[PDB]
Amino acid sequence: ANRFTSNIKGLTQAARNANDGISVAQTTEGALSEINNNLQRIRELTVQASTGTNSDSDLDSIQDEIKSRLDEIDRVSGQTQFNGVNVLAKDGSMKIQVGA
Amino acid sequence: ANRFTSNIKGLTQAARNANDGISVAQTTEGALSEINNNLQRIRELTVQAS
Amino acid sequence: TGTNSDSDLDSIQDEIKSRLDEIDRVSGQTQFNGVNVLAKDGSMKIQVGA
Amino acid sequence: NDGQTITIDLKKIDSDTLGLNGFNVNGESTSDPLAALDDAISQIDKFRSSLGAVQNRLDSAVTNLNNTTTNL
Amino acid sequence: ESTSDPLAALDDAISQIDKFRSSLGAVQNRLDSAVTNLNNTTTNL
């Protein structure tokens, strides 16, 4: 009975651990989706910049919007975080307890 | 959980304040849109004056 | 936020100082049957054995 | 977190910085009114382009914040 | 003069409050365990 109770309590805690893990993953996925949308807008207006009919002054505005989008990508990459942990800023491997 | 309360309220209020950014930006854009018409009028009047 | 004027920061500061006054008041006034728990640093001893 | 900022760039725009500051066409008449007027228009267009770049940044930021709030 | 790092100081205050709260929770748990042990010992004696 004591061993059963120990294992049961361990699994009950591991359940909340796994819920924390899925929350972390979803929070990361949101920022990835935002970066995706920014990249799509960049490729859009790069396609506009590609044609030679554009003058240099127009290309300056296109480059300005590129720089704004890149700065937005930089900010979303850097200062996004969950539980005070910059998940996208620095490469790393994270462990999640799942068992008793 | 306590720190998540701080994060949630901070993010919500930060978005609320950021909306003031688009407010200022759109007001300024309206102002320049107003100014541009006068410049175009002067530009197409100069050729007549010439 | 930079959009706020000086009066906005003044109102924010007034609200902030009212809050901080509440923290100090609640810290000073809370007491358990004559012992001020948060007014001063200290330790309490409890007997649990014969 | 601290040090989170989106920077809108504002440059003062009057007739002085725009160029002309005084315009004569009846004769002393300016030598190249067309070029000065075109440059004045181009500066306004550049400022408008920067403005558009900042609305795009701001609305991307606000939609990101709204998305993140629900997850937290 | 506006504080240099307001949010950092406020977060540090949050951490201090949380630690003080956690110590109280721990002492509450230990006191409750002591009470139940004392009751069981009283019954045995």
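Residues numbered from 1 in each chain as written, not as in the entry; some residues may be left out. Chains lettered and ligands numbered in written order. Part of a larger assembly, values for the part shown. Heavy atoms only, no water.

The deposited coordinates for this entry were obtained by cryo-EM, with a reported resolution of 3.9 Å.

Asks: Is there a simple way to think about the interface of chain D and chain B in this case?
Replies: Many descriptions give the size of an interface as the accessible area lost when the pieces come together. Contacts between the two partners involve 22 residues from chain D and, on the opposite side, 24 residues from chain B. It is D:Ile41, D:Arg48 and D:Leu72 that lose the most area in chain D upon contact with chain B, and together they represent 24% of the buried surface on that side. The tally of links between chain D and chain B comes to two salt bridges. One salt bridge connects B:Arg43 with D:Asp38, and the closest N-O pair in it is separated by 2.8 Å. The tally of links between chain D and chain B comes to two residue pairs in polar contact. (Contact = heavy atoms within 4.5 Å. Buried area = accessible area lost by both parts, 1.4 Å probe. Salt bridge = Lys/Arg side-chain N within 4 Å of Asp/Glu carboxyl O. Polar contact = N/O pair within 3.5 Å; in protein donor to acceptor, adjacent residues only side chain to side chain.)

Asks: For this particular structure, what's the right way to read the arrangement of the chains?
Replies: Looking across the seven pairs of chains in contact, one finds the most contacts between chains B and D. No interface is formed between chain A and chain C, the nearest pair of C-alpha atoms being 18 Å apart. In this structure chain A stays clear of chain E, and the shortest span between their C-alpha atoms is 11 Å.

Asks: Would you mind going over the layout of surface pockets with me for this structure?
Replies: Remark: the empty space left among the atoms is shown by a probe the size of a water molecule rolled over them. Of the pockets and cavities examined, the second largest pocket occupies roughly 1100 Å³. Surrounding the second largest pocket, 25 residues form its lining, C:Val37, C:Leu38, C:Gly42, E:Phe20 and E:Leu24 being those nearest its centre. Listed by contribution, the elements that provide at least two residues to the lining of the second largest pocket are α1 (6–29) of chain C together with α1 (6–44) of chain E. When residues of the lining of the second largest pocket are assigned to their parent elements, the largest contribution, nine residues, is made by α1(E). Taken together, the residues of the lining of the second largest pocket break down into 13 nonpolar, eight polar and four charged. (1 Å grid on protein atoms, 1.4 Å probe; cavity = no way out; pocket = protein on both sides within 12 Å on 5 of 7 lines; lining within 4 Å. Points joined across faces, edges and corners; volume = space filled by probe spheres on them. Helix = DSSP H or I, 4+ residues; strand = E, 2+ residues; numbered from the N terminus. Nonpolar A, V, L, I, M, F, W, Y, C, P; charged D, E, K, R; others polar.)

Asks: Help me out: how do you make sense of the pattern of salt bridges in this one?
Replies: Between side chains of opposite charge, a pair can form as their charged atoms come close. All names here are of chain C. Tallied over the full model, the rule gives ten salt bridges over all chains. Here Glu15 ties to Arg19 by a salt bridge, and the two come within 2.5 Å at their closest N and O atoms. Within this pair, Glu15 and its partner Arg19 are both found in helix α1, separated by four residues, close to a single helical turn. Using a relative accessible area of 53% as the deciding quantity, one classes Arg19 as exposed. (Buried < 20%, exposed > 50% of the residue type's maximum accessible area, 1.4 Å probe, protein only.)

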